[PDB]
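Below sits a lone chain in structure tokens, taken as the form deposited in one PDB entry.
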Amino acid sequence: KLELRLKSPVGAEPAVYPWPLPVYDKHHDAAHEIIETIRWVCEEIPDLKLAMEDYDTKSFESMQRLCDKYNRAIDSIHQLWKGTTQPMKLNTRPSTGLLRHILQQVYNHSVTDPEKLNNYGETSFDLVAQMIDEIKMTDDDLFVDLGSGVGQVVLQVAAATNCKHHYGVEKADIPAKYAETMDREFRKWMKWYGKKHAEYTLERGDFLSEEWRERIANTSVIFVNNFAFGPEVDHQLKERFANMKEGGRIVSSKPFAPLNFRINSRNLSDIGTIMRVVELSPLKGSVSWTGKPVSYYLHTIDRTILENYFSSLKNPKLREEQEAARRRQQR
């Protein structure tokens, strides 16, 4: 029983891999996970990168010499820390590049069958990363991913931001079950790298349920990939969003209200009356399964829109303007 071992840079339990090195799917195997782990820990620790400076991934001797060189380097770094040199971070967030590796790693050891996840740590990572950069979140924010799958988007945001809490709600059995493993693996691997994450919870359930009505209402930042949602589900969501607090934000792949929404007495009930909607900057060179560049939509709860409309009704000048417009429009 041959093995390959990688020591943790912060003294956690070693990562152990059986030889021959397992294959996860067509584009991921343990060999490259080992190589990627080594070189990301080198990015973590400059002295390590400085010492390390990796040939045949199908030779045991070649791979073992790679792991040995890494582990011996780690030992020297730990001795270096016992001296006058200050130890590593231990409370920092992972860089975007490292976080991508970690999530991929977590996915590799959680989802043993990527084939029964038949939908439509994927390469939405960069999309979500762009949103994390643009949508500012603080420690008073509550984050929710509506329909969170195996939970990778929640994990990514939780690793990146300092929201008070992050939630993922998932309805189906299989992804919710995998999410339990994703959760356990994530906490383990983040510790292995010595990286911090904000609080998060991956739950089972339906976000249309009566329980989630109040929960949505109290959420300050919602991510929902709703592009392929039918009109009934989207309508139900609009009803939920209507109870959100001022300044509450919804980021989605399909708008919940029109961008050029003009309020009148025919659309007084519509969600557009209480939110600003903008199309966010797309990420250069993206493209989705439809072959089009990905666009995102930011909704911000703002009830001054409605307030100002009601004020305008009290103004006789504005009133004539509105009423003359309506009659002209009906043509």
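Residue indices: 1-based, along the sequence shown. Rigid core: the largest C-alpha set superposing within 1.5 Å between the two forms.
S.K.: Between 123 to 131 and 100 to 108, which has its CA atoms farther from the current form in 9 other deposited structures of this protein, using a rigid core superposition?
M.R.: Of the two stretches, the larger average C-alpha offset in 9 other deposited structures of this protein falls on 123 to 131.
S.K.: Return whichever of 22 to 30 or 263 to 271 has the larger RMS Cα deviation from the displayed form in 9 other deposited structures of this protein, where every structure is aligned on the rigid core.
M.R.: Farther from the shown form on average in 9 other deposited structures of this protein: 22 to 30.
S.K.: Taking the other compared PDB entries with both flanking residues modelled, is residue 289 unmodelled in at least a third?
M.R.: Residue status for residue 289: gap in at least one third of the other entries.
S.K.: Check the entry and tell me how many residues of the deposited sequence have no coordinates between residue 53 and residue 54: none, 1 to 3, 4 to 9, or 10 or more.
M.R.: Gap between residue 53 and residue 54: 4 to 9 unmodelled residues.
S.K.: Please figure out whether residue 120 and residue 121 are truly consecutive in the deposited sequence or have unmodelled residues between them, and give none, 1 to 3, 4 to 9, or 10 or more.
M.R.: The entry leaves 4 to 9 residues without coordinates here.
S.K.: Averaging the C-alpha B factors as listed in the entry, name the stretch that ends up higher: 15 to 23 or 319 to 327.
M.R.: Comparing 15 to 23 with 319 to 327, the higher mean C-alpha B-factor belongs to 319 to 327.
S.K.: Mean Cα B factor from the PDB record: higher for 122 to 130, or higher for 145 to 153?
M.R.: Between 145 to 153 and 122 to 130, it is 122 to 130 that shows the higher mean C-alpha B-factor.
S.K.: Between 247, 194, 168, 87, which carries the biggest CA temperature factor in the record?
M.R.: 87 has the highest C-alpha B-factor of those listed.
S.K.: Among 253, 92, 243, 105, where is the Cα B factor highest in this entry?
M.R.: Comparing C-alpha B-factors across 253, 92, 243, 105, the top value belongs to 92.
S.K.: Where does residue 187 sit by CA temperature factor within its chain: lowest, middle or highest third?
M.R.: It belongs to the lowest third of the chain when residues are ordered by C-alpha B-factor.
S.K.: Within this chain's modelled residues, let me know which third the CA B factor of residue 300 belongs to: lowest, middle or highest.
M.R.: It falls in the bottom third of the chain.
S.K.: Split into thirds by Cα B-factor across the chain's modelled residues, where does residue 226 land: lowest, middle or highest?
M.R.: Lowest third, going by the recorded CA B-factors of the chain.
S.K.: Per the entry's values, where does residue 269 land by CA temperature factor relative to the rest of its chain, in the lowest, middle or highest third?
M.R.: Its C-alpha B-factor, which the entry lists for residue 269, ranks in the middle third among residues of this chain.
S.K.: Split the chain's modelled residues into thirds by Cα B-factor; is residue 158 in the lowest, middle or highest one?
M.R.: Its C-alpha B-factor, which the entry lists for residue 158, ranks in the lowest third among residues of this chain.
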